[PDB]
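Heads up: the structure comes next, in structure tokens.
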């Protein structure tokens with residue numbers, strides 16, 4: 002089944018970079034709108050099961066609207082960790098790998114005098130928001146964007162897929178054990194055409210996650226949700242703007258989590274945007290109606306925090 006989206010710009014080459022025992026597959030997407038003007042660059046942290054092509058639809062649109070994109074297949078994901086390596090990563094690497102690419106992009110963006118923004122979906126959303134609190138360069142990112150971030154699972158997901166609860170609890174005893182709980186296609190998107198692509202994609206199925214990886218990204222969001230001793234108010238990078246987009250019909254990641262995060266956030270420039278009729282993957286696998294609504298909101302938000 003074909004990938005429903007027709008890219009309007011030139012797809013970048015999938016480059017590779019060795020770092021800390023892994024060969025990272027990454028992509029730099031240049032602005033292609035006929036002007037030599039770049040308003041800024043967005044670094045895209047994908048979620049569990051995802052990889053570069055999933056973010057093609059978003060990167061294509063950023064390029065047309067004056068924004069460069071950088072994304073990489075994380076450790077445990079995509080071309081970076083195939084075979085037995087799939088699902089194999091942890092809290093340490095997740096951020097240590099992210100620092101490497103943040104620094105790479107901060108330098109290049111420093112060179113051309115453009116702001117760097119950080120974007121994350123689901124698992125990537127959990128990472129993105131957590132970086133705003135713990136990142137080495139959290140004060141050098143110009144703005145944080147979350148796309149239905151994994152803070153707390155929706156009750157529906159926990160009830161129908163109890164595996165994602167149990168397996169983290171067992172991670173300490175056997176962290177290398179990998180497991181495949183399959184795709185919740187109907188929860189992921191309301192668009193049948195992207196569903197078919199996803200359920201047919203060799204790069205999407207099978208998707209294994211180890212107990213260590215899963216425990217770590219589950220603990221990651223639960224940490225933000227718990228906000229023990231006002232962790233978020235204390236550590237969120239001062240005066241950094243933050244916006245979360247969350248599909249209102251998201252029954253994979255509870256929208257109530259983004260709601261509480263925005264509430265807890267001490268920054269002035271903060272907003273939660275909920276989208277009716279829209280489910281989990283609003284930036285990649287949803288309908289054209291949803292994506293356009295959802296992307297315009299991101300496009301405008303980025304314009305407000307960029308100059309010329």
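Residue numbers (UniProt numbering): 2 to 309.
Note that CB positions come from ideal geometry on N, CA and C, so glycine has one too.
Considering residue i, what are the terminal residues of the beta strand (DSSP E) in which it resides?
i, result
"residue 1", "Residue 1 lies beyond the residue range present for the chain, which begins at 2 and ends at 309; the question has no answer from this structure."
"residue 23", "23-30"
"residue 246", "243-248"
"residue 271", "271-276"
"residue 20", "16-20"
State the CB to CB distance for the pair residue i and residue j, rounded to an integer number of angstroms; the pair is presumed to be in contact (CB under 8 Å).
i, j, result
"residue 47", "residue 75", "7 Å"
"residue 147", "residue 188", "About 18 Å separates the two Cβ atoms, so there is no contact after all."
"residue 241", "residue 268", "6 Å"
"residue 191", "residue 51", "That pair is no contact at about 18 Å."
"residue 185", "residue 283", "Rounded, the Cβ-Cβ distance is 15 Å, inconsistent with contact."
"residue 41", "residue 307", "5 Å"
"residue 80", "residue 26", "4 Å"
"residue 128", "residue 95", "6 Å"
Is residue i buried or exposed, if buried means 16 or more other CB atoms sit within 10 Å of its CB?
i, result
"residue 36", "exposed"
"residue 310", "Only positions 2 to 309 of the chain appear in the structure, and residue 310 is not among them; the question remains open."
"residue 222", "buried"
"residue 106", "buried"
"residue 374", "Coverage of the chain is limited to positions 2 through 309, which leaves residue 374 absent and any answer about it impossible."
"residue 170", "exposed"
"residue 137", "exposed"
"residue 85", "exposed"
"residue 174", "exposed"
"residue 108", "exposed"
"residue 9", "exposed"
"residue 264", "exposed"
Roughly how many whole angstroms lie between the Cα atoms of residue i and residue j?
i, j, result
"residue 305", "residue 58", "22 Å"
"residue 72", "residue 44", "6 Å"
"residue 7", "residue 235", "44 Å"
"residue 250", "residue 197", "20 Å"
"residue 156", "residue 162", "10 Å"
"residue 259", "residue 38", "33 Å"
"residue 205", "residue 199", "6 Å"
"residue 78", "residue 194", "24 Å"
"residue 231", "residue 239", "15 Å"
"residue 130", "residue 20", "23 Å"
"residue 275", "residue 56", "20 Å"
"residue 203", "residue 309", "41 Å"
Please report the residue range of the alpha helix (DSSP H) in which residue i lies.
i, result
"residue 148", "Not the alpha helix (DSSP H): residue 148 falls in the beta strand (DSSP E), residues 144-148."
"residue 166", "164-170"
"residue 7", "Segment: none, residue 7 is in no alpha helix (DSSP H) and carries neither H nor E."
"residue 297", "289-305"
"residue 235", "232-236"
"residue 1", "What is shown of the chain runs 2 to 309, which leaves residue 1 out entirely."
"residue 199", "193-201"
"residue 257", "256-265"
"residue 34", "Neither: residue 34 is in no alpha helix (DSSP H) and is coded neither H nor E."
"residue 160", "156-161"
Ignoring anything shorter than 3 residues, give me the beta strand (DSSP E) runs that lie fully in the stretch 53-140, in order along the chain. With a minimum length of 3 residues, the continuous beta strand (DSSP E) runs that stay inside the stretch 53-140 are 68-73, 117-122.
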